[PDB]
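Colleague: Protein chains in written order, with my numbering: chain L, 7 to 128; chain V, 1437 to 1578; chain P, 16 to 88; chain C, 584 to 746; chain Z, 11 to 56. Following this message is one structure expressed as structure tokens.
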Amino acid sequence: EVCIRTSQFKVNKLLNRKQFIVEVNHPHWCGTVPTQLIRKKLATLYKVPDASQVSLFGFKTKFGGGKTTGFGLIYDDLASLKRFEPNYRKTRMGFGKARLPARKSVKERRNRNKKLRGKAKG
Amino acid sequence: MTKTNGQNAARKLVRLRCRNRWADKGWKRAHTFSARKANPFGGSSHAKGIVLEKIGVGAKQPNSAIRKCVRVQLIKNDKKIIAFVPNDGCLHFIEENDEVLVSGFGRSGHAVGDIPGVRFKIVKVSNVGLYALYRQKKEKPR
Amino acid sequence: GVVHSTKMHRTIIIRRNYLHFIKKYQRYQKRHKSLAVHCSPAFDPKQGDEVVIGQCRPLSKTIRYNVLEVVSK
Amino acid sequence: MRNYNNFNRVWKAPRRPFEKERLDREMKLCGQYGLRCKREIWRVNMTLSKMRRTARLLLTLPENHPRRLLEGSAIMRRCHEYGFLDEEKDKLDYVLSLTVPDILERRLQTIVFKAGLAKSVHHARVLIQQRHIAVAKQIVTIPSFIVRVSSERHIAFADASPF
Amino acid sequence: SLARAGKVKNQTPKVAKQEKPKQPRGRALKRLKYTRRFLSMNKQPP
RNA sequence: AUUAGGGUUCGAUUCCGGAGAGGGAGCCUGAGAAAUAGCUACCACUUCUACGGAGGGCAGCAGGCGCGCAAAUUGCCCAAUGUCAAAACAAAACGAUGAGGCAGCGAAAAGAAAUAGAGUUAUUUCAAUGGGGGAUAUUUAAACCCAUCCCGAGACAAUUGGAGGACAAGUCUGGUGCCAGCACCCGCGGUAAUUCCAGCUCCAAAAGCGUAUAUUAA
Ligand SMILES: [K+]
Ligand SMILES: [Mg+2]
Ligand SMILES: [Mg+2]
Ligand SMILES: [Mg+2]
Ligand SMILES: [Mg+2]
Ligand SMILES: [Mg+2]
Ligand SMILES: [Mg+2]
Ligand SMILES: [Mg+2]
Ligand SMILES: [Mg+2]
Ligand code: NA
Ligand code: NA
Ligand code: NA
Ligand code: NA
Ligand code: NA
Ligand code: NA
């Protein structure tokens, strides 16, 4: 029974997307509204072929309750989303690259090879 | 009468004030580098030292009493001063060859009360406050 | 400025006198500054005369100005 | 390091900490309005002082001056909005008569008491702190909230409250 | 005269503070003060 | 910072400029250096060795030792702001960055605010809950915090200085007897202490309050 309002709408043909601010109102909830529920409702209201092509982030619940605000992007294709999205945002949504090993181990390995020459290097 | 009032006489007035400013005891002490040279603390607010002896200084007239004092040697500059142990029966907390923290008495060099020639005070012994031990809020280490 | 000394060869010393205002005492103060100028042979200034000088490139250790005009007395 | 957030102080301790005539006058205000400590009273003294010095500088030194028409009506707009001044009075001389009790009236804790929602000023304090009171459908928990005159008729109970 | 150190404090009789009900804190104490003084000083018995 | 006006005082420290990299000289490369996580020599310290020899420069970031009255973690990350460059992102296919960010410790300093409320005949009746514990969840690079929702009261119990005067507040009660001690100054104590040591009561500020040293005002 939540209501979604969209403000400051713009069309980005450079990155093949639409960016807007999404506001959500509700009367009483068992905590916070999950981002997936807003994603499902946003797809229905905007009539997109697939709900897995709208990304939401940065949600702030107002003091007193009954209101949240955030940012959202709707991509024209699923391929556009998989290309222009940051690796951390797409990791929340399911499809992301594996986390690289610890940076400390890279620094020690790189410095160790600085003394060698030719083979036995990488 | 006692002033120059010319329009172009700013140089005379500048020199008159600069010279007469040395007659201030407070101003001259601040602006003289010889200051804090005779100060045992060296210009700081507190100092640490080692207790070497216990003494008893009589009170100046018209008061009759024996004020319990302690002779300490500072560590930073190795000077010798006389400090005061304020509270009742607090002499038993201090022993010889003990590290103490020393602060001033309140008048910046001047002596305080009827104690003659004493301008310091003991505020901590063996890393624990003297007043904390007096109220039994802590205990003497070791 | 005013010519102060002409004891060198093709060189003079000029002096600028002004009043400096001290804000605290609301009164003035006499001050002066001395400059070394190159005197061309086209001019023959005497001590006490007024001259007009103009800035140029360093011509010596101390000289940075050149005499352009001289006013008699 | 390399942080440019600002901060300042809002109150000031009084000179002469043991005036008998000041000590009892401040005690009347503290118990009449339910204030917790004397720091609340000293806070109001600071903002009142800032208002007066702006007016006194602006009053007669610059005469009819572009620096008088500006921020001469802004203060009146500011004073009228919160209710610190009478509507009829519209000259900068009449802002110098503002007193401490006048500013203390336009407080959320005081407004609730005079609106009948709360029986006593101490009861009003516990209601605000309990999130049982809202202004324009917004929960307010700060008893120091200076209620503007426009929102005077908007204060009521909270929808999410049991009351 | 270092022998007489703490002569008085080590010979005064020992008494213990009584147990009393707690007092209100914060604004609940200022109202208690305002109730007594206004809306009716330390006087001792003879 | 303080101040009616006139002034006094501070400025190692976030932005701008100058100078330095244990001390002192000299130089190569380069558009640009008299460069120091470049080179050469000397002086003072200092490390490994098979004794032939070869090395070092934290006033970069964390960590130690000493010095003092005096100052944090040998943590996480390049997600944001930027720099460099043979470089847009994705596709076998993820540039580096102790600059910078963000968590820990941290009553420097600065804001907001708990320690209840309404009644009944002195002694029992109500309602409200925040600390706290959890949540489909939210936040975040991942965390955290915060916000939002829900099992929980009438010990979850406030301290620090004072009570002759300056200066608000006892003619209260024991103990001591120019002793112990108090006292910023004046002054209390010599067997009836308005001032010491304690009990009770009261006063001021209050999650703060005393002390010391410098400085501004007076
Ligand atoms: K980066
Ligand atoms: Mg609620
Ligand atoms: Mg200066
Ligand atoms: Mg710089
Ligand atoms: Mg370091
Ligand atoms: Mg410190
Ligand atoms: Mg850093
Ligand atoms: Mg007493
Ligand atoms: Mg009095
Ligand atoms: Na400076
Ligand atoms: Na340099
Ligand atoms: Na280095
Ligand atoms: Na790539
Ligand atoms: Na944070
Ligand atoms: Na001064």
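By construction, the Cβ of each residue, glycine as well, lies at the ideal position given by its N, Cα and C atoms.
Cα separation between Z/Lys30 and Z/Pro23?
Modeller: Their backbone Cα atoms lie some 22 Å apart in a straight line.
Colleague: Below 8 Å, can you find three or more Cβ-Cβ pairs linking the stretch 1507-1517 of chain V to the stretch 1467-1475 of chain V?
Modeller: No, because fewer than three Cβ pairs between the stretch 1507-1517 of chain V and the stretch 1467-1475 of chain V fall closer than 8 Å, the two stretches do not touch.
Colleague: In chain Z, what lies closer than 7 Å to V/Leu1488 by C-beta?
Modeller: What V/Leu1488 touches in chain Z: nothing, since even the nearest Cβ is about 15 Å away.
Colleague: Kindly give me the distance between the Cβ atoms of P/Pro60 and P/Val85, rounded to whole angstroms, as I take these residues to be in contact under 8 Å.
Modeller: 5 Å between Cβ atoms; contact.
Colleague: Looking at the C-beta of C/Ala739, does it have a partner C-beta in chain L at a distance below 8 Å?
Modeller: So, not an interface residue.
Colleague: Could you tell me whether the Cβ atoms of C/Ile711 and C/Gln692 are closer together than 8 Å?
Modeller: Cβ atoms of C/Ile711 and C/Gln692: closer than 8 Å.
Colleague: DSSP three-state label for V/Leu1537, please.
Modeller: If DSSP states are grouped into helix, strand and coil, V/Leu1537 belongs with the strands.
Colleague: Please list, in chain order, all residues of the same chain as V/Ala1547 whose beta carbon is under 7 Å from its beta carbon, the five residues on each side excluded.
Modeller: Cβ neighbours of V/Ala1547 beyond the five flanking positions: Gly1553, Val1554, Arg1555.
Colleague: Below 8 Å on the Cβ atoms is my contact criterion, and I expect P/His53 with P/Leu74 to pass it. Report the Cβ-Cβ distance as a whole number of Å.
Modeller: About 6 Å; that satisfies the 8 Å criterion.
Colleague: Which class does Z/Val18 belong to by DSSP, given the choice of helix, strand or coil?
Modeller: DSSP places Z/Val18 in coil when its eight states are reduced to three.
Colleague: In the stretch 1480-1540 of chain V, which residue ranges form an unbroken beta strand (DSSP E) of at least 3 residues, counting only runs that do not cross its ends?
Modeller: You should have 1482-1494, 1502-1510, 1516-1520, 1535-1540.
Colleague: Please work out which residues of its chain come closer than 6 Å, Cβ to Cβ, to C/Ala717, disregarding the five sequence neighbours upstream and downstream, and give them in chain order.
Modeller: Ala741.
Colleague: Mind checking which residues open and close the beta strand (DSSP E) that includes L/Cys9?
Modeller: Unbroken beta strand (DSSP E) run through L/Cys9: 9-18.
Colleague: C/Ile711 versus chain L: which residues are under 8 Å apart at the beta carbon?
Modeller: Chain L residues near C/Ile711: none, gap ~13 Å exceeds 8 Å.
Colleague: When DSSP labels each residue in this structure, what does L/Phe90 get in the three-state scheme?
Modeller: Three-state DSSP puts L/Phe90 in a helix.
Colleague: Starting from C/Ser632, trace the alpha helix (DSSP H) both ways and give me its first and last residue.
Modeller: Per DSSP, C/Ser632 belongs to the alpha helix (DSSP H) from 621-642.
Colleague: For L/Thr38, I'd like the list of residues in its chain whose CB is within less than 7 Å of its CB, leaving aside the five on either flank, ordered along the chain.
Modeller: The residues are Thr67.
Colleague: Answer with yes or no whether the minimum CB distance from L/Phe65 to chain C is below 8 Å.
Modeller: With 8 Å as the cut-off, L/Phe65 does not count as an interface residue toward chain C.
Colleague: With DSSP as the reference, label V/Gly1565 as helix, strand or coil.
Modeller: Of the three classes helix, strand and coil, the one that applies to V/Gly1565 here is strand, per DSSP.
Colleague: Kindly indicate which three-state DSSP category C/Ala701 falls into: helix, strand or coil?
Modeller: Correct three-state label for C/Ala701: coil.
Colleague: Which residues neighbour ligand 2 when neighbourhood means a C-beta less than 6 Å away from any of its non-hydrogen atoms? List them by chain order.
Modeller: This criterion selects C/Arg714, C/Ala743.
Colleague: To the nearest angstrom, how far is the alpha carbon of Z/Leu12 from that of V/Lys1504?
Modeller: Those two C-alpha atoms are separated by around 8 Å.
Colleague: I'd like to know if L/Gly37 contacts chain C, where contact means its C-beta is closer than 8 Å to some C-beta of that chain.
Modeller: No, L/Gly37 lies away from the interface with chain C (no Cβ there is under 8 Å from its Cβ).
Colleague: According to DSSP, what are the bridge partners of residue 130 of chain L?
Modeller: Residue 130 of chain L is absent from the structure shown; chain L starts at 7 and stops at 128.
Colleague: Just to confirm my understanding: we take C/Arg651, look at its own chain, exclude 5 residues before and 5 after, and list those with CB closer than 7 Å. What are they?
Modeller: Same-chain partners within the cutoff: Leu641, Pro645.
Colleague: Could you tell me the alpha carbon to alpha carbon distance between V/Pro1577 and V/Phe1520, rounded to whole angstroms?
Modeller: Taking the straight line joining both Cα atoms gives about 22 Å.
Colleague: According to the Cβ coordinates, are C/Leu679 and C/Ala638 closer than 8 Å?
Modeller: A contact, by the Cβ cut-off of 8 Å.
Colleague: By how many angstroms is the C-alpha of C/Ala743 removed from the C-alpha of L/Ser58?
Modeller: Each residue's Cα considered, the two are about 35 Å apart.
Colleague: Does any C-beta atom of chain Z lie closer than 8 Å to the C-beta of V/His1528?
Modeller: For V/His1528, the answer is yes, since a Cβ of chain Z falls inside 8 Å of its Cβ.
Colleague: List, in order along the chain, the chain C residues whose C-beta lies closer than 7 Å to that of Z/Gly16?
Modeller: Neighbours of Z/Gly16 on chain C: none; closest Cβ ~35 Å, over 7 Å.
Colleague: Given a threshold of 16 other Cβ atoms within 10 Å of its Cβ, counted over all protein chains shown, does P/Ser49 qualify as buried or as exposed?
Modeller: Label assigned to P/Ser49: exposed.
Colleague: Any contact between the stretch 1563-1571 of chain V and the stretch 103-122 of chain L? By contact I mean 3 or more CB pairs, one from each, below 8 Å.
Modeller: Result no; under three Cβ-Cβ pairs closer than 8 Å.
Colleague: For V/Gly1478 versus V/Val1536, is the C-beta distance shorter than 8 Å?
Modeller: Contact flag unset, no.
Colleague: If you follow the beta strand (DSSP E) that P/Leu50 is in, where does it begin and where does it stop?
Modeller: Looking at the DSSP string, the run of the beta strand (DSSP E) that includes P/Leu50 is 42-53.
Colleague: Can you give me the C-alpha to C-alpha distance between C/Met610 and Z/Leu49, rounded to a whole angstrom?
Modeller: Cα to Cα, the separation comes out at about 12 Å.
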